[PDB]
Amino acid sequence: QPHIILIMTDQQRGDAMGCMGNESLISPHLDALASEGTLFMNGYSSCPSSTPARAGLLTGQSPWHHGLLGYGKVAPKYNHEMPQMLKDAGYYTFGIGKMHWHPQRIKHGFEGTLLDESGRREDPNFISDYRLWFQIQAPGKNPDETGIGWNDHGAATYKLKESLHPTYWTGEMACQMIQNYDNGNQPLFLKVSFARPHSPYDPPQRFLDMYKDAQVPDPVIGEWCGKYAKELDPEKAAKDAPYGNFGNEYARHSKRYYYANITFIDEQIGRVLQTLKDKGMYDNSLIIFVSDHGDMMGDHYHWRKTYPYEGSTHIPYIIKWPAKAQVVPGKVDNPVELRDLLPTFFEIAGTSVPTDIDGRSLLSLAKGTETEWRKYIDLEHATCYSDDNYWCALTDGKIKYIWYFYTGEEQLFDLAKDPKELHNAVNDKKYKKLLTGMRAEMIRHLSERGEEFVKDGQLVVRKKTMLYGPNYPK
């Protein structure tokens, strides 16, 4: 069976790779990986915050089926779990970096994890393996010396050496494990999960310098986003503001520091891919690159995540297939989601997909032999940051329909003609047929949830937030 190398980052935008048509972003290692595999052009996170997206990843299930509908705790045990499935298939299973699991040191079938959980301390007496390692390298030093908060919109260069940075530690420990892999006939399942480019925007100077002459794209500003248009002083606003117009210059400054941290990650991913080649493991590895969700980075005067817009839900999505499986490198436009990785792994490991998994293997689609694929992927997020930010959406990456549970507002974006989502087309006479169709799809989607979500074939305005659905493990 092929090695499975699941590489991922936290809070990386789908548009933030060179191979996604971004001219100012330096990702030569990811661009090369994508050149040798399938670049999914419409990869989505269904629930754009760390823990529900990671539950979707872990279980191959929709938010309604794994039961976490927004920013909460991943359940300690699910019926189907990515690492346990592969262990049960005879894989040696290990995870390095961010799991964001509950408890933090739960394994879900991994033989071990080596954790960077950033500043989160949840288990009694918890210190991340990264932070214990840091004290060995630099005893009495402060891994947060740079002084930028975990949720900040501001930026600064890393105030420690590059070799103490969590991105270096993550790539370095993954490189050593691959370098030392000599486990007879047992295939490796390695998860490599970067905390970055989630805030802080704290790139080393060396990586910021790679952007000295770069012009990074402006934030995109829709006609509908008036509610957050007032120009504010970033030095006076909350350092972790989820909303704010700090001007285009401020947004481009933070975006440059964001892009520098992606280029740092991309260099570590380069080391991991070279180690695999050096060990002769690359060509019979399934290699995945994804993120759990995007970063709005000033788009529509939004910061952070948990919104339906492209900057929040559109994710990087690359598969380099085993050379044996005979996939021609290409692009797939169909809407794919984090839930589709576990069933792909089942097929590649040669285990039958259970019927209670929502994702669908991606191998046929990549081979252009798929006869049944979803029309639309469902997206949602439970109330986060503000009472109004509570929603469910459907998209194929050509149209997106958004239902705001708390306000009863609808939005409709023609992604084909309006990829930046500048124009809410919900009151456009030209879009009445498409809108009628998408409202019917949202009712079909939400009906299983019962009378608090759909009553007598109508969408229900909710006054209460459901964070944990009835399908959340008991």
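All residue numbers refer to positions in the sequence shown, first residue = 1.
Participant: Which is higher on mean Cα B factor in this entry, 347 to 355 or 295 to 303?
Facilitator: Per the PDB record, 347 to 355.
Participant: Check the entry's C-alpha temperature factors for 78 to 86 and 129 to 137, then say which stretch has the higher mean.
Facilitator: Going by the record's values, the stretch with the higher mean is 78 to 86.
Participant: At the C-alpha atoms, which of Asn42, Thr59, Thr407, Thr51 reaches the highest B-factor in this entry?
Facilitator: Spelled out: the listed residue with the top C-alpha B-factor is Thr407.
Participant: Can you pull the Cα B-factors for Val332, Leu341, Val290, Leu190 from the entry and say which is highest?
Facilitator: Checking the PDB record, the top C-alpha B-factor among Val332, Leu341, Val290, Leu190 is at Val332.
Participant: What third of the chain does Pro219 rank in for C-alpha temperature factor, lowest, middle or highest?
Facilitator: Ranked within chain, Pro219 CA B lands in the middle tercile.
Participant: Which third, lowest, middle or highest, does the CA B-factor of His100 fall in along this chain?
Facilitator: Within its chain, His100 is a lowest-third residue by C-alpha B-factor, going by the deposited values.
Participant: Looking at the temperature factor on the CA atom of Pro234, which third of the chain's modelled residues does it land in?
Facilitator: It belongs to the highest third of the chain when residues are ordered by C-alpha B-factor.
Participant: Sorting the chain's CA B-factors, does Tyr385 end up in the lowest, middle or highest third?
Facilitator: Within its chain, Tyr385 is a middle-third residue by C-alpha B-factor, going by the deposited values.
Participant: Looking at the temperature factor on the CA atom of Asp15, which third of the chain's modelled residues does it land in?
Facilitator: According to the entry, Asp15 has a C-alpha B-factor in the chain's middle third.
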